[PDB]
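So the sequence shown is residues 51 to 112, 122 to 204, counted in UniProt numbering.
Structure, as structure tokens:
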Amino acid sequence: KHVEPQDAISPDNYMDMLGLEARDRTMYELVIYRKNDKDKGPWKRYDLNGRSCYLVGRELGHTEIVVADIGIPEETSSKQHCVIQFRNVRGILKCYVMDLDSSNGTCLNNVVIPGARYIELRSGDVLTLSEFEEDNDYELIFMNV
Ligand SMILES: [Cl-]
Ligand SMILES: [Mg+2]
């Protein structure tokens, strides 16, 4: 199971220490598009401000055991697929993705990332939960706002 770094911090706690009103702080979201009807707009938005880490993985609703905090209906995604991890990096809040040695891989902006390695996320970045785009019905967009 995933063990958080010593400098893990939630965006809420970080931004609160800095004494920031809504308009003066950065907030974080995972925007989920269901590809087949993305013209209708985002299917869901997951708030990423309250925890220092979020486990992404399979949750179909098709009995199913769910471990992930962010459950995506991807048939070929793993139950524990990847983690979104916030870190207070020498005083600067940064966010990383790490693939948890998933079966099919995690793609960041169409690049399969190396397994078990934090890779920095930037606003607008697109995650998909397989190295095979053909198999992905969803795309997950990391947003800073
Ligand atoms: Cl590599
Ligand atoms: Mg959930």
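Even for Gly, the Cβ is constructed at its ideal location relative to N, Cα and C.
{"Check": "Could you give the first and the last residue of the continuous beta strand (DSSP E) run that contains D184?", "Outcome": "184-187"}
{"Check": "Could you please give me the residues that DSSP links to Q56 through a beta bridge?", "Outcome": "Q56 is not bridged to any residue."}
{"Check": "Taking the beta strand (DSSP E) that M202 falls in, what are its first and last residues?", "Outcome": "197-203"}
{"Check": "In terms of DSSP beta bridges, what is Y104 paired with?", "Outcome": "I143"}
{"Check": "Under 6 Å from any heavy atom of ligand 1, does the C-beta of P173 make it?", "Outcome": "yes"}
{"Check": "Nearest-angstrom Cα distance between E123 and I129?", "Outcome": "15 Å"}
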